[PDB]
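Inside the fold
Spelled out, the chains give:
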Amino acid sequence: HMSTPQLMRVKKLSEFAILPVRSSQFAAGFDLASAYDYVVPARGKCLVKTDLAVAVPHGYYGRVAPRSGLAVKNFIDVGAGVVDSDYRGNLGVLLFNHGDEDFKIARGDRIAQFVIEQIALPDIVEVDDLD
Amino acid sequence: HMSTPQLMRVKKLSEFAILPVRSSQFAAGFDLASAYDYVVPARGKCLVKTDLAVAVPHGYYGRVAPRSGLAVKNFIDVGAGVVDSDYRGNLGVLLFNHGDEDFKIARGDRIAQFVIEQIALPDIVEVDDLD
Amino acid sequence: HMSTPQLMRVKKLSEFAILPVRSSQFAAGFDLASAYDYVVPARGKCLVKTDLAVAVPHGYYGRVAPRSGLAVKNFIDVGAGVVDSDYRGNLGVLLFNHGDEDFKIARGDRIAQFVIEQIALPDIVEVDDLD
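Residues numbered from 1 in each chain as written, not as in the entry; some residues may be left out. Chains lettered and ligands numbered in written order. Heavy atoms only, no water.

As annotated in the PDB entry, chain A is dUTP pyrophosphatase from Naegleria fowleri. Under its PDB header, the title given for this structure is "Crystal Structure of dUTP pyrophosphatase protein, from Naegleria fowleri".

Below is the structure:
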């Protein structure tokens, strides 16, 4: 039983996790929410747990990506964010706060989105002449 | 009449908009240009209007992505940038300026690119055992 | 002889280059390593050469993307990073260091990853009514 492009398997690692949910039929990403309380310090960073484990389908990876509103209004950006299809740890959201005020996060706050990006997985061939 | 992977529909919201254009046959992104005058403050941010509305084809999303030259030389990065295929508002470019000098933008300046990224849109199934 | 989704052609531009390598079967990205010595200044940026030229397959682009560990622990992020499938120059990694200590890089250090993202390449049709 593996994840497919139509069906992605997810496990809650605690009672505090909130399942990913897509805000509309063609929204690029699932909403991700914080499982705990955090602060993203001004000019600083914070790794936020979702307490989810996800199985992104093979042929894809999961990109943790920014919510537009928090970026435009609160100077929040997403670092790291490449979730491999065999990654089975706690799905974390690395937030950068480029503003001059701390950004407060309570459990349940939506703080990123999660896009299932289609990729190739080529092998490498070293050549002496590219073209 | 919907957008397809071969044909993306775009509407100018004012006389000041410039249509997206691909710099070469296999360039990843369309050039996006500012419709107005702006400054990206040093260590700061600015949302730049293109005055375009776009209909990204279903099965994809539009990623506003950085121009390499402005990033390497002028410390410009792109925040936010996940454009859903049902988004019909003004296509904005959120710029972060991590440098110590302001970054000036005049109408017509190319300030981002726009990549049509292929994605899956899976549903979620919560399980007790991922693998 | 062109690159395909199964086989990506790469050329070493010097003896100091290290070939991209995928850490596991389904890892999203190839590891990229520095060919020279660098420092990413605190609150600053640095363009790092790999001394590789790559031929990303048509229908895709290469995204230089962050390594999770350096982002979470050392506040390192990747700027620029859209490698077009016809780009034949030295594959550079633009690093931003948002921390307050310099980030030292020696030849051979792994400092980014390289994801082959699948894209559409639509033409533009300007319309008066999107939907």
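Regarding the overall build of chain A
In terms of regular secondary structure, chain A is built from one helix and 13 strands. Along chain A, helices and strands appear, N-terminal first, in the series β-β-β-β-β-β-β-α-β-β-β-β-β-β. Considering only C-alpha atoms, chain A reaches an extent of 50 × 40 × 30 Å along its principal axes. Counting across all 131 residues of chain A, residues that qualify as buried make up 54%. Across chain A, every contact between residues at least 6 apart in sequence was considered, and the portion connecting residues at least 24 apart equals 71%. Working note: accessible area of chain A is about 5,500 Å², and carbon and sulfur atoms make up 48% of it. Distance between charge centroids for chain A: 13 Å, based on 14 positive and 17 negative side chains. (Helix = DSSP H or I, 4+ residues; strand = E, 2+ residues; numbered from the N terminus. Buried < 20%, exposed > 50% of the residue type's maximum accessible area, 1.4 Å probe, protein only. Contact = heavy atoms within 4.5 Å. Areas by Shrake-Rupley, 256 points an atom, 1.4 Å probe, with all protein chains shown as cover. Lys, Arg positive; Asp, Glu negative; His and termini not counted. Charge placed at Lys NZ, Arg CZ, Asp CG, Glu CD.)

Overview of the relation of the copies chain B and chain A
Once chain B has been moved 0.0 Å along the axis and rotated by 120°, it coincides with chain A to within an RMSD of 0.0 Å. Both copies are brought into coincidence by an operation consistent with a three-fold rotation axis. Taking C-alpha positions as the reference, the residue of chain B nearest the rotation axis is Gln118(B), at 3.3 Å. Little of the interface of chain B is mirrored in chain A, where only 19% of its interface residues again form contacts. (Least-squares fit on C-alpha atoms.)

Quick look at the sheet that holds strand β13 (residues 123-126) of chain B
Here three strands make up an open sheet; going across it, the order is β6(A)-β1(A)-β13(B) and the pairing mixed. Single-partner strands in this sheet number two, and they are β6 (52-55) of chain A together with β13 of chain B. Each strand of the sheet is rotated relative to its neighbour by a mean of 30°, with strand direction disregarded. Two elements, strand β1 (residues 7-12) of chain A and β6(A), share four bridges in a ladder whose sense is antiparallel. Looking across to β6(A), one finds that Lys11(A) is bridged to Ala53(A). (Pairing = 2+ DSSP bridges. Axes fitted to C-alpha atoms, helices over the stretch in contact; angles between N-to-C directions.)

Overview of the interface of chain B and chain A
Counting residues at the interface gives 31 residues for chain B and 41 residues for chain A. Roughly 3,100 Å² is buried in total at the junction of chain B and chain A, and carbon and sulfur atoms are behind 59% of that figure. Contact with chain A buries surface across chain B, with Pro122(B), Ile124(B) and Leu130(B) losing the most and accounting together for 22% of the total. Remark: the boundary between chain B and chain A carries one salt bridge. Measuring nitrogen to oxygen at the nearest pair gives 2.9 Å for the salt bridge that ties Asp131(B) to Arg88(A). Put simply, the parts of the chain that give the side of chain B that touches chain A at least two residues each are β5 (44-49), β7 (60-65), β10 (92-97), β12 (110-120) and β13 of chain B. A per-class count over the side of chain B that touches chain A returns 14 nonpolar, five polar and twelve charged. Alignment of strand β12 (residues 110-120) of chain A against β12(B), held across two bridges, turns out to be antiparallel. From the neighbouring strand, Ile116(A) faces β12(B), where its bridge partner is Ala120(B). (Buried area = accessible area lost by both parts, 1.4 Å probe. Salt bridge = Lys/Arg side-chain N within 4 Å of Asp/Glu carboxyl O. Nonpolar A, V, L, I, M, F, W, Y, C, P; charged D, E, K, R; others polar.)

A word on the relation of the copies chain B and chain C
Least-squares fitting of chain B to chain C yields an RMSD of 0.0 Å, with the superposition described by an axial translation of 0.0 Å and a rotation of 120°. Interface residue correspondence from chain B to chain C reaches only 15%, placing this contact among heterologous pairings that use different surfaces.

Here we look at the pairing of strand β8 (residues 76-79) of chain A
Residue and element names in this part refer to chain A. Burial along β8 is two-sided: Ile-76 and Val-78 and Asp-77 and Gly-79, pointing in opposite directions, are all buried. The pairing of β8 with strand β10 (residues 92-97) spans four bridges and is classified as antiparallel. The residue of β10 that forms the bridge with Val-78 is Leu-95.

Things to note about the interface of chain B and chain C
The interface of chain B with chain C comprises 41 residues on the first partner and 31 residues on the second. Together, the buried faces of chain B and chain C total about 3,100 Å²; carbon and sulfur atoms form 59% of this surface. Considering only the surface of chain B that becomes buried against chain C, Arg9(B), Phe26(B) and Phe75(B) emerge as the three largest contributors, covering 20% of it. Summed over the shared surface of chain B and chain C, the result is one salt bridge. No other element matches strand β1 (residues 7-12) of chain B, which puts six residues into the side of chain B that touches chain C.

Details of empty space enclosed by the protein
Counted by the stated rule, this structure contains one cavity of 30 Å³ or more. When its volume is computed, the largest cavity comes out at roughly 360 Å³. Lining the largest cavity are 24 residues, with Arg63(A), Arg63(B), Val78(B), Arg63(C) and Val78(C) positioned closest to its centre. Elements supplying a minimum of two residues to the lining of the largest cavity: β7 (60-65) and β8 of chain A, β7 and β8 (76-79) of chain B together with β7 (60-65) and β8 (76-79) of chain C. Per-class residue counts for the lining of the largest cavity are 15 nonpolar, three polar and six charged. (1 Å grid on protein atoms, 1.4 Å probe; cavity = no way out; pocket = protein on both sides within 12 Å on 5 of 7 lines; lining within 4 Å. Points joined across faces, edges and corners; volume = space filled by probe spheres on them.)

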